[PDB]
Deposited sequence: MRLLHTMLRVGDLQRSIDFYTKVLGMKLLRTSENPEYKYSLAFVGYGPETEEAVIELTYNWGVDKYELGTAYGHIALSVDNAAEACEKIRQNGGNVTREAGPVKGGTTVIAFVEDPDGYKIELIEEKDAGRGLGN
């Protein structure tokens, strides 16, 4: 068994695709529409769904906002360069909630940011 994906509802599909791919470096793997139930999907990721976990973005026609709640935490991604991502993210209008820097008591560089819908993302700069 394997973990396939994490699905998040977004208020604007393209805005989200633009962010994940252009700002975070993922690729748009596939997209679909469901006319019957009025929603669209997009899968974004760093590699093929067959080999690894990705993100499923769901856009319900006409719905631009959701209630985030207090349960869901975040998604953590390995980042090539934390500082730069924060910069890209910021200048790209986003919010950096935790500037890049070594984590408390450790050495690993991490940062926290928010996507366009306010979801939190943890960036961690990390057989063979």
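Q: Where does the structure fail to cover the deposited sequence at the C-alpha level?
A: Absent from the structure is a single run, positions 127-133.
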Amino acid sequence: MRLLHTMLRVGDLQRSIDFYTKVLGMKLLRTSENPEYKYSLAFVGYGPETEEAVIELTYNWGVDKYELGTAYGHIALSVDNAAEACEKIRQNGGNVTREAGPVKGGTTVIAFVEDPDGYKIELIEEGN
From here on, numbers count along this sequence of modelled residues.
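Definition used throughout: the rigid core is the maximal C-alpha set that superposes within 1.5 Å between two forms.
Q: Between 91-99 and 51-59, which has its CA atoms farther from the current form in 4 other deposited structures of this protein, using a rigid core superposition?
A: The answer is 91-99, which departs more from the shown form in 4 other deposited structures of this protein.
Q: Test of understanding: from the entry's C-alpha B-factors, which stretch has the higher mean, 89-97 or 49-57?
A: Comparing averages over the C-alpha atoms only gives 89-97.
Q: Higher average CA B factor in the deposited record is what I'm after, so tell me if that's 74-82 or 25-33.
A: If you average the C-alpha B-factors of 74-82 and of 25-33, the larger mean comes out for 25-33.
Q: Using only the C-alpha B-factors in the record, can you name which of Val44, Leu41, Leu68, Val103 has the highest?
A: It is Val103.
Q: For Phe19, does the deposited CA B-factor place it in the lowest, middle or highest third of the chain?
A: Answer is highest: the recorded C-alpha B-factor places it there.
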